[PDB]
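Asker: This is the structure, below, for whatever I ask next.
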Amino acid sequence: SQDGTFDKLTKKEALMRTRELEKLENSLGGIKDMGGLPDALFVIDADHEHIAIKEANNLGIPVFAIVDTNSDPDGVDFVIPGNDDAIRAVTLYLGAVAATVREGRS
Amino acid sequence: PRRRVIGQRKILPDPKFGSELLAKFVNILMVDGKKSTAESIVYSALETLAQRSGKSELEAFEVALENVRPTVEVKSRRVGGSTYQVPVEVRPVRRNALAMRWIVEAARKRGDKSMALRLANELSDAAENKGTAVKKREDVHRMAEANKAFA
Amino acid sequence: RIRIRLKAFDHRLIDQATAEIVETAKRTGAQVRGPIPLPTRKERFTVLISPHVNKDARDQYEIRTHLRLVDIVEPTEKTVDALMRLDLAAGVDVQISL
Amino acid sequence: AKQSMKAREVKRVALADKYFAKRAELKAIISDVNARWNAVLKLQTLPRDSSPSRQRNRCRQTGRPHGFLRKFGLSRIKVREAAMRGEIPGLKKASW
Amino acid sequence: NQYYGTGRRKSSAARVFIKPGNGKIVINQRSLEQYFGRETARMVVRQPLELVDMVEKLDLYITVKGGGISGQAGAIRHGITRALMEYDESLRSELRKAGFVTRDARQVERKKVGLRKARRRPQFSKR
Amino acid sequence: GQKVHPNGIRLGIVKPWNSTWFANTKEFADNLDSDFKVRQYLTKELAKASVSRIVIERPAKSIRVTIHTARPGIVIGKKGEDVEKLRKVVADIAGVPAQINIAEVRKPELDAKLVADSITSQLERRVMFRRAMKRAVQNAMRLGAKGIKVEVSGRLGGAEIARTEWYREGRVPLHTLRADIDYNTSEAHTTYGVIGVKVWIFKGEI
RNA sequence: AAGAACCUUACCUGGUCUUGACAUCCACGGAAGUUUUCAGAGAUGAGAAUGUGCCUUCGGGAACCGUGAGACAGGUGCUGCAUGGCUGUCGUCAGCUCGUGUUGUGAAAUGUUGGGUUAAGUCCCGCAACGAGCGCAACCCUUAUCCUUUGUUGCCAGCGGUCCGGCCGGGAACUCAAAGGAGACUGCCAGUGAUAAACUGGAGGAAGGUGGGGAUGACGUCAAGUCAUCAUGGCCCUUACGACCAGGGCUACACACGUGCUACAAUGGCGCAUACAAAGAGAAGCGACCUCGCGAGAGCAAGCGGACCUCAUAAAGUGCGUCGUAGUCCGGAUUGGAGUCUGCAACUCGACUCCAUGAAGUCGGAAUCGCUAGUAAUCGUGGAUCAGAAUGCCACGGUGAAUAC
Ligand SMILES: [Mg+2]
Ligand SMILES: [Mg+2]
Ligand SMILES: [Mg+2]
Ligand SMILES: [Mg+2]
Ligand SMILES: [Mg+2]
Ligand SMILES: [Mg+2]
Ligand SMILES: [Mg+2]
Ligand SMILES: [Mg+2]
Ligand SMILES: [Mg+2]
Ligand SMILES: [Mg+2]
Ligand SMILES: [Mg+2]
Ligand SMILES: [Mg+2]
Ligand SMILES: [Mg+2]
Ligand SMILES: [Mg+2]
Ligand SMILES: [Mg+2]
Ligand SMILES: [Mg+2]
Ligand SMILES: [Mg+2]
Ligand SMILES: [Mg+2]
Ligand SMILES: [Mg+2]
Ligand SMILES: [Mg+2]
Ligand SMILES: [Mg+2]
Ligand SMILES: [Mg+2]
Ligand SMILES: [Mg+2]
Ligand SMILES: [Mg+2]
Ligand SMILES: [Mg+2]
Ligand SMILES: [Mg+2]
Ligand SMILES: [Mg+2]
Ligand SMILES: [Mg+2]
Ligand SMILES: [Mg+2]
Ligand SMILES: [Mg+2]
Ligand SMILES: [Mg+2]
Numbered sequence: 121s122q123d124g125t126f127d128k129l130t131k132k133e134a135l136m137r138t139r140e141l142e143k144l145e146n147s148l149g150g151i152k153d154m155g156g157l158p159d160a161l162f163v164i165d166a167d168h169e170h171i172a173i174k175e176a177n178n179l180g181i182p183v184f185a186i187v188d189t190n191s192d193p194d195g196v197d198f199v200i201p202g203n204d205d206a207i208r209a210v211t212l213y214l215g216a217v218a219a220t221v222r223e224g225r226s
Numbered sequence: 002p003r004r005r006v007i008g009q010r011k012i013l014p015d016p017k018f019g020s021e022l023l024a025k026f027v028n029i030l031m032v033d034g035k036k037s038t039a040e041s042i043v044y045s046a047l048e049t050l051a052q053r054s055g056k057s058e059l060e061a062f063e064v065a066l067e068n069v070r071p072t073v074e075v076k077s078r079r080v081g082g083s084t085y086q087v088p089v090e091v092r093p094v095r096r097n098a099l100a101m102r103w104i105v106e107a108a109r110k111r112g113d114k115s116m117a118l119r120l121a122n123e124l125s126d127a128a129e130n131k132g133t134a135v136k137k138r139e140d141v142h143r144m145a146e147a148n149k150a151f152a
Numbered sequence: 005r006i007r008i009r010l011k012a013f014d015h016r017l018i019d020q021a022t023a024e025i026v027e028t029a030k031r032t033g034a035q036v037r038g039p040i041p042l043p044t045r046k047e048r049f050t051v052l053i054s055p056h057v058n059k060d061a062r063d064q065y066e067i068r069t070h071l072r073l074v075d076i077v078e079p080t081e082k083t084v085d086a087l088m089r090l091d092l093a094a095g096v097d098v099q100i101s102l
Numbered sequence: 002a003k004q005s006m007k008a009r010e011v012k013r014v015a016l017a018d019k020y021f022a023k024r025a026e027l028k029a030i031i032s033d034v035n036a041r042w043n044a045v046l047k048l049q050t051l052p053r054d055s056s057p058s059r060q061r062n063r064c065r066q067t068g069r070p071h072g073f074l075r076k077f078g079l080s081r082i083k084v085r086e087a088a089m090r091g092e093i094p095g096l097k098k099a100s101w
Numbered sequence: 004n005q006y007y008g009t010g011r012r013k014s015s016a017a018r019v020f021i022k023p024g025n026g027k028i029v030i031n032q033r034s035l036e037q038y039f040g041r042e043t044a045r046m047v048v049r050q051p052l053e054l055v056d057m058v059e060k061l062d063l064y065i066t067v068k069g070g071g072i073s074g075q076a077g078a079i080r081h082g083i084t085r086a087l088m089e090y091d092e093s094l095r096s097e098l099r100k101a102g103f104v105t106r107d108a109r110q111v112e113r114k115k116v117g118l119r120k121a122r123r124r125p126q127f128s129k130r
Numbered sequence: 002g003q004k005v006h007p008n009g010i011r012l013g014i015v016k017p018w019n020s021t022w023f024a025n026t027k028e029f030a031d032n033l034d035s036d037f038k039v040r041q042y043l044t045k046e047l048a049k050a051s052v053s054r055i056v057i058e059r060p061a062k063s064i065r066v067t068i069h070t071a072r073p074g075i076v077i078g079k080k081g082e083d084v085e086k087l088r089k090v091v092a093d094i095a096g097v098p099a100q101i102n103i104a105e106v107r108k109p110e111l112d113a114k115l116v117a118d119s120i121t122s123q124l125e126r127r128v129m130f131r132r133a134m135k136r137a138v139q140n141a142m143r144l145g146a147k148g149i150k151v152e153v154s155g156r157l158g159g160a161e162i163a164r165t166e167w168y169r170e171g172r173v174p175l176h177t178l179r180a181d182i183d184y185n186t187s188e189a190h191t192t193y194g195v196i197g198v199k200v201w202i203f204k205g206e207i
């Protein structure tokens, strides 16, 4: 995108490459630099991310979830009853979890 | 015709009179791909028509056509599980195309000597509403009236 | 003055062979009058591809014969002496006569 | 293809080039309008295989009589299978 | 001076030369009237000149080979319109609407194997 | 049968010709027959030498004859003994002075012809056909060969009903004209009849 | 089957041969070869002349010919329901699958379904699926425009004079030839579309939306076709199911079907005059010119391995004249006589020429076929096979439509 072949060949092939690139970026982004299976999952919603929870359970990876009243526990190792729709509430969860993980090995 | 509505192919005007309409007529009269023979025949027929009926070539041709142009024709609908023959209005371009075809067909079956005479007789009596082509038009029209119940 | 006509089955091989003759003549003398393509022959064949019946099933082949002519007009001795023994031929035919 | 047939063809070619192409004087030169006598026409006791118009022109490899091509000396099918592998210089699949 | 145009149509190739003189016509060392003057496609050569009025203001000398009457006439017409650029590109605008500059590429189709001629297929029977 | 020869269809685009001499109609047939006569003799004589192909050219009243082989050592014997014998016999058959060249082929398992000869040789030795093909496919992909593809056919394993059971790995774009597809065939002569073998090998796209 | 008088040719009737027509080996004899006579339909038997070419510690030799025994040779004989290879077909239809993941006890499903869109499993978006392969498309050949290079045997615009013929100096313009490049990519504008894919229209352009045509034929189906092109398992015959020869047949003829050519005419027949192509072939070949013949052709004899010479005058067409709707100045079958060639040989059984003869046929029921544009229709030209022989096959151009609501 910056150093290799991005301008050569027709503009049509340039634009398809870019739109294909952003397709990969927004589909699988931060996960790019993982290089292995994780050690834990954090899900904002349980009944909306059931596929991810099920895959984690299949592989024996701990799962921490914010479960709403409509959601289903028993796929989650650590349930957190709380609204998962409100923007203010979800930010609160992400901030608190973000803060506690800022403190790494110290 | 299943999918694409198509445009139209143009033709050159008549060299004598620069009429697309007459060029199509000679082109309909053409057989085996001999345009020179066709244009020769029509020119001989129309000049004979002009001196017969005075006036001029174009209006002599127009009066012949307007007497044989059909306004409505019958068509097979077959929608209700039955053979219905419904009337449908004819388009302008198709209207004159049928006329020219009928005129040529009628002239072809006449019994005069030269085809040029056959056209002259047909185009003349067509202006007088007694040619075979005129008979076909009214035959088509009356069939449409008989089946007017469907529409 | 001296006519050389080359023929072969591929144009990328005829071209270099003639280009070799024209340049050697040009450097060993003057003018060198120029190669000209002139028409090429297309010989077609048609053969039934089945071992039995099936008349409509057949394929068509052709052989293209490319022909070139140089017609050097210089009788220079340094040119005629070097002109022969310059074949570099891998399936290209030569005629020397005028 | 019945190399007994192939034996017959080679024998005819041997006779044809042995007698004719030099006894052609007997046929053409003498049976002419010199201005006759049927003696020359009468002398046609040759083996009857010396006539060049008795060779069937079979395929070199397989030897079938039909589907021959002079340019290649092979039948249609042998031409095809050799062409696709190379062998015949310059042959391609034509289109236009 | 004189202007040139090539023109081509259906196996026919033409050579057209334009001069600013009277309205004389000569085709292949003959007259249009004598070449195809009154026979088929007589005015086809005139069409590029009926628009942008001629009267008697252009000398035309041409030579054509290949094809047949209609082809050679069509080849000429393409030459006339292509060499009629004398009046710069201004007259080309209405020349397009006439539809003359566009070279007509409508060659004859080859005859394929199994077909009788090009697209005509041999008669067929089912039972 | 509804597939074009992948060699012939490429014969002008990417695949070179296998005979590059020129001749007029007068001697075209004679040259062609001589080539065939030469080729069948060499391939029969060098049966154990694993010859990939024979390229014959006749530049300026001669015959070159280049032999592409995977084991030139025994093709040439010691110094030039056996190769001279081939050259002498070839010149006799063709009726003209003859030379002979040897071209070693690297990666013998990447050559379509050689692979087929190996499979048919094993098959005549009563190797189970499934393992012979799988071995050929896998050890070819191991060395480049984007598209190995092999196919046996006809009375497999001494059955009563014939069948094909081909395998492929990689990609083999037979419909792209500039794909460097190396294709060749061979046949075994087992006690149960004839078994045919076809192998396609893909390489760079140009 | 891209071409049965002999041959081809296998098939029939006769005349013949048996390690053989075709191949290797062993032993013996002989150069090989060439010219002639008799009997026979011939194959084959009987003879007569002539030649004796290269090697040789020489039981012998090499290319070649006869004699004897063997292993053998031979089969277009059966089995495409044992096979390879090759081919048709659905169908150039857009589909057919796999790895991992997931769902179901399992056969299996998903992906490959859904909303749009496309010629297309083409693409966009969504989606327990994530990717990939064979297909589609593109890369290949040809055609349509332009530029550069060289200009013959190709070309002749500006110049000089000419037998008015590029013919002649000359020219490198032009047509053209054949190599290398440019070009077309929804690229640019407008509108619609979820603001995506894409669709409709417009400019420019020779060409506009995969510009036209071709090659290209997925996994598989039909125990589809080919043992007779070839190869090949098994079986079968081996003084015969093998081999040679002459003649005959494959060309028969109460009939039934398929594919075609010519017609039934005045958009025409006939006579005279006259204009415009493309693409091919040629050395056992194509065969100018000139003379002879009413003609097919014959005699003499240039040129050409061919942008040079030959095949080779294109015909429809256009001008005049005649025919005047008749079984005709339409139609040409059939038949008698006379000929030209190829061929050892035209009875069975060739093509073509001259004179004479002049059937059916007046547009064809039920039914049914091809074709969407340089297409149908119509008119000519060439090539393979080939001594000789197309109304078939494969190619080329001329004129050139109707209609898709
Ligand atoms: Mg030629
Ligand atoms: Mg055999
Ligand atoms: Mg013959
Ligand atoms: Mg045509
Ligand atoms: Mg195919
Ligand atoms: Mg016989
Ligand atoms: Mg016979
Ligand atoms: Mg017998
Ligand atoms: Mg089968
Ligand atoms: Mg079939
Ligand atoms: Mg499971
Ligand atoms: Mg599917
Ligand atoms: Mg499925
Ligand atoms: Mg869909
Ligand atoms: Mg796809
Ligand atoms: Mg999907
Ligand atoms: Mg002058
Ligand atoms: Mg547009
Ligand atoms: Mg494709
Ligand atoms: Mg069967
Ligand atoms: Mg059968
Ligand atoms: Mg059989
Ligand atoms: Mg028959
Ligand atoms: Mg008559
Ligand atoms: Mg007569
Ligand atoms: Mg009658
Ligand atoms: Mg009548
Ligand atoms: Mg269509
Ligand atoms: Mg025709
Ligand atoms: Mg010929
Ligand atoms: Mg012939």
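Chains as they are written, first to last, in PDB author numbering: chain AB, 121 to 226; chain AG, 2 to 152; chain AJ, 5 to 102; chain AN, 2 to 36, 41 to 101; chain AI, 4 to 130; chain AC, 2 to 207. Note that beta-carbon positions come from the ideal geometry of N, C-alpha and C, so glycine has one too.
Could you give the C-beta distance for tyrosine 184(AC) and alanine 113(AC), rounded to a whole number, given that I count them as a contact under 8 Å?
Answerer: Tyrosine 184(AC) to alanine 113(AC), Cβ: 5 Å. Contact.
Asker: Taking one C-beta from the region 31-49 of chain AC and one from the region 60-72 of chain AC each time, how about it: are there three or more such pairs within less than 8 Å?
Answerer: yes
Asker: Expressed to the nearest angstrom, what Euclidean distance is found between the alpha-carbon atoms of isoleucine 42(AG) and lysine 46(AJ)?
Answerer: 45 Å
Asker: Whose Cβ in chain AI lies nearer than 8 Å to the Cβ of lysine 36(AG)?
Answerer: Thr43
Asker: Among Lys56(AG), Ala127(AG), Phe151(AG), which has the Cα closest to the Cα of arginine 78(AG)?
Answerer: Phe151(AG)
Asker: Kindly say whether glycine 117(AI), judged by its beta-carbon, lies nearer than 7 Å to any beta-carbon of chain AJ.
Answerer: Interface flag for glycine 117(AI) against chain AJ is set, since a Cβ pair is found closer than 7 Å.
Asker: Run through chain AJ and tell me which residues come within less than 9 Å of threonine 21(AC), C-beta to C-beta.
Answerer: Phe13, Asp14, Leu17, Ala94, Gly95
Asker: Could you give the distance in angstroms between the alpha-carbon of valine 26(AJ) and the alpha-carbon of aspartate 14(AJ)?
Answerer: 19 Å
Asker: Can you tell me the Cα-Cα spacing of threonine 21(AC) and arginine 48(AJ), whole angstroms?
Answerer: Their Cα atoms are separated by approximately 19 Å.
Asker: Taking the alpha-carbon of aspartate 91(AJ) as reference, which of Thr22(AJ), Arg5(AJ), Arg16(AJ), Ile6(AJ) has the nearest alpha-carbon?
Answerer: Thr22(AJ)
Asker: Following the continuous beta strand (DSSP E) through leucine 74(AN), name the residue where it begins and the one where it ends.
Answerer: Neither: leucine 74(AN) is in no beta strand (DSSP E) and is coded neither H nor E.
Asker: Taking only three categories from DSSP, how would you classify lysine 30(AJ)?
Answerer: Three-state result, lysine 30(AJ): helix.
Asker: Which two residues bound the contiguous beta strand (DSSP E) that contains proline 201(AB)?
Answerer: 198-201
Asker: Measure from the C-beta of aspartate 34(AC) to each C-beta in chain AN and report whether the shortest distance is under 7 Å.
Answerer: With 7 Å as the cut-off, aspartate 34(AC) counts as an interface residue toward chain AN.
Asker: Hey, how far is the Cα of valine 187(AB) from the Cα of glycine 149(AB)?
Answerer: 25 Å
Asker: When DSSP builds the beta bridges, which residues end up paired with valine 183(AB)?
Answerer: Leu161(AB)
Asker: Quick check: is the beta carbon of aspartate 75(AJ) nearer than 7 Å to any beta carbon in chain AC?
Answerer: Answer no: the Cβ-Cβ gap between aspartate 75(AJ) and chain AC never drops below 7 Å.
Asker: In chain order, which continuous runs of the beta strand (DSSP E) of length 3 or greater are located wholly inside the region 70-122 of chain AG?
Answerer: 73-77, 86-90
Asker: Once you ignore the five residues that flank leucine 30(AG) on each side, which residues in its own chain have a CB closer than 7 Å to its CB?
Answerer: For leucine 30(AG), the CB contacts under 7 Å within the same chain, skipping 5 residues up- and downstream, are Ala39, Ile42, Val43, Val105 in chain order.
Asker: Determine whether the beta carbon atoms of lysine 22(AI) and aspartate 62(AI) lie at a separation below 7 Å.
Answerer: Inclusion of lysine 22(AI) and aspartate 62(AI) in the CB contact set at 7 Å is warranted, their separation being smaller than that value.
Asker: Run through chain AN and tell me which residues come within less than 7 Å of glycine 78(AC), C-beta to C-beta.
Answerer: Result: empty, since nearest Cβ-Cβ is about 28 Å, beyond 7 Å.
Asker: Roughly how many whole angstroms lie between the Cα atoms of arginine 124(AI) and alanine 101(AI)?
Answerer: 38 Å
Asker: Go to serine 122(AC), then tell me how far its beta strand (DSSP E) extends in each direction, as first and last residue.
Answerer: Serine 122(AC) -> not in any beta strand (DSSP E); alpha helix (DSSP H) instead, spanning 113-125.
Asker: May I have the straight-line CA-CA distance separating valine 84(AC) from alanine 2(AN), to the nearest angstrom?
Answerer: 34 Å
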